[PDB]
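Read on for two forms of one protein chain; each stands alone as structure tokens, with the labels structure 1 and structure 2.
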Structure 1
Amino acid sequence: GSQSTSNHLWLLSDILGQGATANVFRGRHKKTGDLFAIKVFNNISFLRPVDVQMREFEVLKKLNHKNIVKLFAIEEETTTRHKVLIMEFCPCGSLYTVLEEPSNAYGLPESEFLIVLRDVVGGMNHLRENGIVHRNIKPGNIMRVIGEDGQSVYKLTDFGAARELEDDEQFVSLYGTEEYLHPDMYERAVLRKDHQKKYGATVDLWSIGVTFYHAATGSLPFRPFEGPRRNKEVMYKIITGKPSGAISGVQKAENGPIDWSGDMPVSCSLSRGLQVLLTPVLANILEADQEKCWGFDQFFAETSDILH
């Protein structure tokens, strides 16, 4: 079967994404046949407080930029009367899928990496200008679109965890994805250690740092022997124990000691010149200590210098 709103229709088997609060479907405008991605909230999502439910709607109605997936319409699905989000369809899918390809085992080609850099920075700048935090940035929700000239353009999506947050404002609520998650959030959300901490916009810089390391090398920067998901204790030791300036930490052997590095791997796909410029960016955003990590002004200045 299918579901529909006044103007749009989607088959329930035409899935594009699956999540805690919502699924995304490939759907069509009824009259034109034009394709869209339609985000449809599940029952359990309505247990959230109303102001929380409204955030993604308010956030997306505020944004408009080439590095953010476009929102076309908000309409009401008929059987539930719930609002759905009707968004630009990106037929190429995500950066996650690009990174899975064998040719990218040791990182993206430098040309493609520089594009990811440009576009993630551009998206993040647009959010910050508009006082928005994302809180779940990762390759799985950075979408690839083929631009006018045949080259990639990447765009941020999945604003399910996003909110308006003034430049110095803090929050205590938990969102995100374990492999990409700032250590202070990981501490509470994954290890359940409550150390009475607050979090700020800079959580997005940590996830971007992890995303860039991943795009640059083909691997996540912080890796217990079993992978992050399967050894939460060691994952936490890697991310909280890392020396200042380190950008990666790996446990090579089961139950083994941890090795951290402040440089890119020897296998890194990027030119050595770029590696040398990238490494300080990563070191200063993969920095848990709020006293030492970069602010946004600087992150944008320092990456915009690399792009030129």
Structure 2
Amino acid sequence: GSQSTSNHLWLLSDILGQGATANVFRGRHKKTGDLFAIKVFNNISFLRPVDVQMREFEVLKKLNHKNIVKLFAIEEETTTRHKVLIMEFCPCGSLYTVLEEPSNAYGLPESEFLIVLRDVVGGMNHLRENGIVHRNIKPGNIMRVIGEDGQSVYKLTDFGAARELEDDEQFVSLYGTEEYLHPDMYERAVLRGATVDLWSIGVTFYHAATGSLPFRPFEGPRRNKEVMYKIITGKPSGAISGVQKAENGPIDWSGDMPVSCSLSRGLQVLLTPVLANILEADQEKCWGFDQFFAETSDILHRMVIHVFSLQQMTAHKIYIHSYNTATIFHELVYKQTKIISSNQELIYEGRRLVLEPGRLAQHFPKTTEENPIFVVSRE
């Protein structure tokens, strides 16, 4: 069948998404023919507590960002009178289907990954500025939109398990007397969450970088659930992935990106610390947000100088800040090349290149994979 509102119309066979509590359909405005995604809650859904039901509406009401799938309106279904959500339609689908593309079997292209990095981060920041916590971030609900400039824009959606956090202050005054409180209640209301998203993002970022999941059972994630729980909960600090090659074999843990990572070493080495800190179940040790945004911004504010090592026959991306000196450039070159700065001899556009030790990165000549700054070691 079909359903509608006074402004929109959709067919139930036009499913875009299915979940425990709701479906999302592709609909059209009755007068313009403009496309929208309509989220409609199911009967099961109405058995949850009313205040829980109210959460998503309240969360989406708070958000308006380029990296959050846009809420256009809340309308009433003509027959049921049930409130539905009218949202931005993203005909390209999600980071899920992108990752299904073969060309992306060992990770997104470096530029597209950086896009993912920028947009997911921008979305998180927005959730954080609004006291929101999503709790179920996955490639499947990070939607892709081809922007004005032909470039992808990513946008978060599916805030079904989301909720607003509050500072404790409103709760505490709430209990007058403490003599009857449970220890936990006491701890919470007398003496004195969000990091769950950071974990999901960490895993999402891992998947985008490698085409693989960081933690997986030998049998695969869906089938071995016991194993999975031990892996993520028994994870050595600093580790980024743990895999089981054995039927009931031990977990091979790693602190670095796998060898087939689609990203340059330049970026791998920046990305790793970020993952290691967010993929920390112990809330004590996981990064807080202000640090997460700061470290990722530090990745995104860098420019790239393309280097090619002629002695090693390898290509390199140097992630440097526009204000960084040449001294620093050479140091970043050594970090990947293992050619001491003293022995680094450069060549640009067929002629030898010499850099004042105090020149600035934004005044280096323009480089490209096709036209890089060559390095060689001169003993």
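Residue positions are counted from 1 along structure 1's sequence. What we label the rigid core is the largest C-alpha set whose atoms superpose within 1.5 Å from one form to the other.
So which one of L181, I208, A215, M235 actually moves, Cα shift of 2 Å or more between structure 1 and structure 2 once the core is superposed?
It is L181.
Core-aligned C-alpha movement of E88 between structure 1 and structure 2 reaching 2 Å
The answer is no; the displacement is under 2 Å.
Is the shift of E169 between structure 1 and structure 2 large enough to count as movement, that is, does its C-alpha move by 2 Å or more after the core is superposed?
It does, since the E169 C-alpha is displaced 2 Å or more between structure 1 and structure 2 after the core fit.
Superposing on the core, what C-alpha displacement does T78 show between structure 1 and structure 2, in angstrom?
That residue's C-alpha sits 2.1 Å away in the other form.
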